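To start, the structure itself, in structure tokens.
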DNA sequence: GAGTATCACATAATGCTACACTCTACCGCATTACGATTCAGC
DNA sequence: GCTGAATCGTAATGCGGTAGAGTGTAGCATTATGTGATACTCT
Ligand SMILES: [Os+3]
Ligand SMILES: [Os+3]
């Protein structure tokens, strides 16, 4: 139950240097004496959780891993839902997770709060990226290269607060300094949303709080710090 | 040496993807509930397993998946783009799969955004003797090894599944044409086509999996698409 | 624990004759002697679960009921989800509940099966009624009057199997004889769906199985009988 | 006389909409767990309560709601259409509410299909001293009873909520104009407007509840709509 | 530098056995609610 | 007639103790379990 923390640390090491590692290098990446690494590695190899890289110095990750993946340990739906319910429970504001498809984010899933003053929206609906905060965050994450493939010629305006390409980018340069994006009625009148980026081993996703700008004025600091905490949790559990 | 235990536990969980309880797990492996308990926690500490809600539940953890994008952050880190383009073109569900025993180890997939889609999880294991990717992966194998990989009555996952001789037959055809087909042999209603990827990194199979309603309609343009993709790829990693 | 079944039966009686009932009439609607009804009614009145209709003969339902409704015993979402999970668990085919809005049904909620060959669709999306089975069922439920307000002039075709107004109605006259509607690719190629009507105290809703026509050919009888059973269950628990 | 128990249980559940356990319930009422148990089942038999999933849970049952569409299948069975039309016209969330004590008993509602909507469950109880429907319902009340309905420091659910004199003031205005308004007095951000429904079936209030972003924009056209609806209705049930 | 075998020590894994917690079940005892009556006002 | 209300001797019925089939968790001896300096092997 405590030699395991060790073997795990080793797993991680081998995932950090997939090309192959000798037990020396392992002994360095973790403050565990050579011999210990020896024995542990042996056990792991025995259970096929690790492979020998030939007579040459090395031990890569084993097939057992793949042998084990089951009924989708890879579906950010069943993988993130827990944390969504968590956040939405903590704030009582509807939340959402969505991917990025060029210029439109895909509402992968959401949770609606049962407040008297609520904000409801579909799931599976393709919506404009530059328009929402989730979008914005998903957008900063992109390269200057693929950026323009999204911001194409002219942005389809949706209100009187929606932004143009000469102000959008302005914002964007900041969501790489703080990491949290914000849309104030820049999609729907009276509706604000606060998002942040989820850098998973599966990819990049958008996690946002969707709310009535009314309450949005009052609660800000707390909500941002929240989304950020949720970010660090999920990131620790499933990031890369 | 306790590791052995932890792992027997792992496997146990894996074999029942829907989830087990300390009780059930401890009955499946010959261990005491308290021991199981300590081990499960010892693993949940590392996201090697997951608690399954307030009611009784335990399943495998995320770390398990995380350590596979890392496992080979090579072939994935370069084939990913090609899979993207090819996934946008045909707009179907693309699958990069390697071979492990009589079943194919799916390294990566991209699901079509279409209404009627077809999914098969990352890693998901399906007998290579019934999926295109599988046939392809078998083709590129020593006439000596490929017989050993079939030392038992082949899987018969469906009705149109193949026999022994029947299989040995196509096994060459696919070597020649370079591609392989699957019509209602893995799952009644599904068809999948695949082409090899002779690379320096090994023998991988690039396949496309789709329903049958859209299969008969256009089988060729698919095969060609796949072949061009294969070419472009092997102009960067071939050997 | 068994005088309660009785008091309940009485509640029901009073809900069947909201204008007011004397204990005689109650004694008839349920095979329980006059005196018993006397006492029980008394207790109920005492807890405000029933009202006296004045010196004149009568006892209506009490305010306590309203005093009790809580956090929405009225939201077919949290009210039907159990039965959805039930059905989808039983068949492994994606299922759905949707309301009727004129000529478009509103996908209120669904459950997706994790089968290799799956059928996925949004939630909140407005889709054509005459096109889907859920629709069809929701449509039979309407009056010849409001019917035309839905079937307006010409139906927006979606494939080569979609029906026209001179064949639709043909079908419709039958979904009032069996109660279960069927759409075979009449919306999306390769996709069939089997629906039935849910006549709740909240209204009419559509409960359907959405599946790949492939499997749909094989499994039919069993699925229909299933949907029908689910129908009777939900109906017993929440119908009117 | 066991009924008393069952009902104390009911109330208990009601007071905690999120759900209780036999344990918790039995602690809230002075009853033994086993007794609670038997009673809970005795009610679940009648959908008067609901099991709340495999983990520990019990909440109120559907029958409770069912017995309200029946409770008064009159005013609902005739006002429903009007509420439909009026709900489609303004495209907002309409509310038919009656009065019970210092709070309004919502008989029916129809939620706007708009993105930013406002819901308040059927029956939901909110102090009439802060919602339009409430003000309206108070207006049509004996100058003798309406004082008794306010025998304590009025609810102060928000910031812009009203005082005693302050309230007694509007209480007449609404009698006159026939309508009543609510600006951030029930819930910061919400506004609601209401008109009475002097009927032979009693005094009901027809209201419309919406955010403030859309309130200031168009307050009048609303009031007028409501008034015409009221008229049409009371041309079929008025007195 | 790879990876491997050895062995004396006490650390660091074990699995008892008890807990807090769901909802459920049994099952004798006297407390409860039952229902043919009689009474009271319309 | 009907409303609904009040007695009152009977045993039936609703009680509530105390035990069970499940979750996951906590403490804590005892002794097996794994540990790591130092010395061995073969590019
Ligand atoms: Os498996
Ligand atoms: Os309440």
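Three semi-axes describe the equivalent ellipsoid of the stretch B:165-237; taken as square roots of 5 times the Cα gyration tensor eigenvalues and ordered largest first, they are 22, 16, 10 Å. Counting only the Cα atoms, the stretch B:72-239 fills a convex hull of 108 Å³ per residue. Rg and Dmax over the alpha-carbon atoms of the stretch B:91-136 stand at 10.6, 33 Å. Relative to the longest principal axis of the Cα atoms of chain B, the long axis of helix B:75-89 lies at roughly 60 degrees.
Classify chain A as rounded, prolate or oblate, taking a ≥ b ≥ c as the square roots of the eigenvalues of its Cα gyration tensor: rounded when a/c is under 1.5, otherwise prolate if a/b is larger than b/c and oblate if not. Provide the component values of the computation, followed by the final result.
Values: a/c = 2.76, a/b = 2.15, b/c = 1.28.
Prolate, because a/c is 1.5 or more and a/b exceeds b/c.
Given the rule -39500 (n - 2.57) for each run of at least 4 DSSP H residues, summed and divided by the residues of chain B, what is its mean residue ellipticity at 222 nm, to the nearest 500 deg cm²/dmol? Don't jump to the answer; show the numbers that get you there.
Working: 9 runs with 95 residues, N = 239.
Calculated from helices alone, the mean residue ellipticity at 222 nm is -12000 deg cm²/dmol.
Roughly speaking, what is the centre-to-centre gap between the stretch B:121-196 and the stretch A:11-51 when only Cα atoms are used, to the nearest Å? Each part reduced to its Cα centre gives a spacing of 36 Å.
Need one word for the stretch C:77-218: rounded, prolate or oblate. Basis is the Cα gyration tensor (sqrt eigenvalues a ≥ b ≥ c); a/c below 1.5 gives rounded, then a/b vs b/c decides. The shape class here is oblate.
Each semi-axis of the equivalent ellipsoid for the stretch B:1-71 is √(5λ) with λ an eigenvalue of the Cα gyration tensor; in descending order they amount to 19, 14, 11 Å.
Entry note, the stretch B:1-71: relative contact order of 30 percent, from Cα contacts under 8 Å with a spacing of 6+ residues.
Our note on the geometry: Cα centres of the stretch A:153-206 and the stretch B:10-36, 46 Å apart.
At a threshold of 8 angstrom on Cα-Cα distance, excluding pairs fewer than six apart, so keeping six or more, what relative contact order does the stretch A:1-72 reach in percent?
Relative contact order for the stretch A:1-72 comes out at 30 percent.
Axis of helix C:221-238 versus longest Cα principal axis of chain C: the two differ by about 30°, to the nearest ten degrees. If you look at the Cα atoms of the protein assembly as shown, you get an Rg and a Dmax of 32.1, 102 Å. To the nearest 10 degrees, how steeply does helix D:164-177 sit against the main Cα axis of chain D, on a 0 to 90 scale? Taking Cα atoms only, the helix is inclined about 60 degrees. Measuring nothing but how far apart in sequence close Cα pairs (under 8 Å, 6+ apart) lie, relative to its length, chain C scores a relative contact order of 15 percent.
Give me the inter-chain shielding for C:111-124: mean count of other chain Cβ atoms within 10 Å, whole number please.
Working: counts 0, 1, 0, 7, 4, 12, 13, 6, 4, 9, 4, 8, 8, 9.
The mean count of partner-chain Cβ atoms within 10 Å per residue comes to 6.
Looking at the square roots a ≥ b ≥ c of the eigenvalues of the Cα gyration tensor of the stretch A:1-42, which shape do they give, rounded for a/c under 1.5, prolate if a/b is larger than b/c, or oblate?
Numbers: a/c = 1.77, a/b = 1.28, b/c = 1.38.
It is oblate, given that a/c is not under 1.5 and a/b is not larger than b/c.
Between C:62, C:124, C:135, the residue with the greatest mean-square fluctuation in the GNM of chain C (Cα pairs under 10 Å linked by springs) is C:62.
For the stretch A:1-74, state what percent of all Cα-Cα pairs lands in each successive 10 Å bin, counting from 0 Å until the bin that includes the largest distance. Bins of 10 Å from zero give 20, 56, 21, 4 percent of pairs.
Peptide B:57-65 is shielded by partner chain Cβ atoms: per residue, an average of 6 of them sit within 10 Å of its Cβ.
Take peptide B:25-34, look around each residue's Cβ out to 10 angstrom, count Cβ atoms belonging to other protein chains, and average those counts.
Details: counts 0, 0, 0, 0, 0, 0, 0, 0, 0, 0.
Shielding by partners across B:25-34 averages 0.
Its DSSP H runs of at least 4 residues, each contributing -39,500 (n - 2.57), put the calculated 222 nm mean residue ellipticity of chain C at -12000 deg cm²/dmol, to the nearest 500.
Projected label points at residue A:34 and residue D:201, each 7 Å from Cα along the beta carbon direction, are separated by 9.1 nanometres. Along the Cα-to-Cβ line of residue A:6, 7 Å from the Cα, sits a label point; which residues in the stretch A:32-71 have backbone N less than 18 Å from it? Taking a point 7 Å out along Cα→Cβ of residue A:6, the residues of the stretch A:32-71 whose backbone N falls under 18 Å are A:32-47, A:49-50. Distance from the Cα centroid of the stretch D:197-239 to that of the stretch C:73-120 is 36 Å (rounded to whole angstrom). Placing a pseudo-label 7 Å from each Cα along the Cα-to-Cβ vector at residue B:188 and residue B:51 gives an inter-label distance of 4.3 nm.
Each peptide among B:61-67, B:82-88, C:107-113 gets the average number of other Cβ atoms lying within 10 Å of its residues, and from highest to lowest they stand as B:61-67, C:107-113, B:82-88.
When we count neighbours, we look across all protein chains shown, and the Cβ atoms used for this are built from the backbone with ideal geometry, even at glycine. Here, each number is a calculation from the coordinates, and none is a lab measurement.
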